[PDB]
Each structure stands twice: as C-alpha cells, then as structure tokens.
Amino acid sequence: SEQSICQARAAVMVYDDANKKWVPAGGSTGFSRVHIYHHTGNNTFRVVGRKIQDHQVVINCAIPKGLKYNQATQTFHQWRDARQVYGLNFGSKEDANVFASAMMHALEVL
Amino acid sequence: XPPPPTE
C-alpha cells in the first residue's frame, strides 16, 4: 500500500487559534518519528507521526497539491489546511532538511 | 502562518 519516503524526529505541534498558542499534537509533549507516506495507487501523500514513547499517532494529515510549506526557521517548519495549522519542531537541522526535502519532492510530483 | 513556539 504505502511506502515511507522519509523519517524525521520532531515535536509535533498544532496551533490553538482561540488562545494564540502552540499546543502538542495529540495532547502529549515530546518527540515523535514523523513520516511522509506515499500511496502509489493514487499518488497521494500523508504526514504520519508517532510518539517515540508510546507509539501514539499524533498527526495523520494529507498533503494536498499546492500546499504552502513554510520553513519558518531551520528547525521549525509549518503548514495549514482548511482546519488546522501544524508545526514541526525538529530535533536537528538535519531532521528538518530530510523532511523538507521529502515534502518538497511530494509537492513537485503531485 | 503563526510565529514559531517558545520554551
């Protein structure tokens, strides 16, 4: 079904617009392993992240064609869809580079 | 896009 095209260490955040604050995705602070999964049958991509500790899925987001991926800093990247704003606070610049490369590749071939 | 988080 789906192939992982990258793995990156990041704390996954979502933006609480009513309170103007970032909050941990899934409700629990800490780092996750964040994949981009490619579904080859229909050429779709998804961001799926799981907490290192307890394997909880904290993000499971489609990547639509035309997404604006904002590399705010070398270690915090973010994007939005029609409901939520997502942020990734990467564990290193290398993790940020790996993930942005895969994301940019996804956006090119979509 | 919102500013990046803090400590």
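Please treat every number below as a calculation from the coordinates, not as lab data. Here the Cβ positions follow ideal geometry from the backbone for every residue, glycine too, while neighbour counts run over all protein chains shown.
Looking at the stretch A:59-85, which of its residues are polar (S, T, N, Q), at the interface with chain B (Cβ under 8 Å from one of its Cβ atoms) and within 12 Å of the chain's Cα centre (by Cα)?
If the condition is that a residue be polar (S, T, N, Q), at the interface with chain B (Cβ under 8 Å from one of its Cβ atoms) and within 12 Å of the chain's Cα centre (by Cα), then A:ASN70, A:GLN78 are the ones that fit.
So A:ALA18 fits all but one of (1) more than 23 Å from A:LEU107 (Cα to Cα); (2) assigned to a strand (DSSP E or B); what number is the exception?
(2)
Just to check your reading of the model, which residue among A:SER28, A:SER32 is more than 14 Å from chain B (Cβ to nearest Cβ) and within 17 Å of A:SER4 (Cβ to Cβ)?
So the residue among A:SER28, A:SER32 that is more than 14 Å from chain B (Cβ to nearest Cβ) and within 17 Å of A:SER4 (Cβ to Cβ) is A:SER32.
How about the stretch A:62-85: which of its residues are charged (D, E, K, R) and touching a residue at least 40 places away in the same chain (Cβ under 8 Å)?
Passing the criteria: only A:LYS65.
Quick test for you: out of A:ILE63, A:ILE36, pick the one residue that is touching a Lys or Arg at 6+ places or on another chain (Cβ under 9 Å) and closer than 18 Å to A:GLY91 by Cβ.
A:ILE36
Conditions (1) in a strand (DSSP E or B); (2) surrounded by 13 or more Cβ atoms within 10 Å (Cβ to Cβ); (3) out of contact with any helix residue (DSSP H, G or I) (no Cβ under 8 Å at 6 or more places or on another chain); (4) touching a residue at least 60 places away in the same chain (Cβ under 8 Å), marked per residue:
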{"site": "A:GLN3", "(1), (2), (3), (4)": "yes, no, yes, no"}
{"site": "A:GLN7", "(1), (2), (3), (4)": "yes, yes, no, yes"}
{"site": "A:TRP22", "(1), (2), (3), (4)": "yes, yes, yes, yes"}
{"site": "A:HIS38", "(1), (2), (3), (4)": "yes, yes, no, yes"}
{"site": "A:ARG50", "(1), (2), (3), (4)": "yes, yes, yes, no"}
{"site": "A:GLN53", "(1), (2), (3), (4)": "no, no, yes, no"}
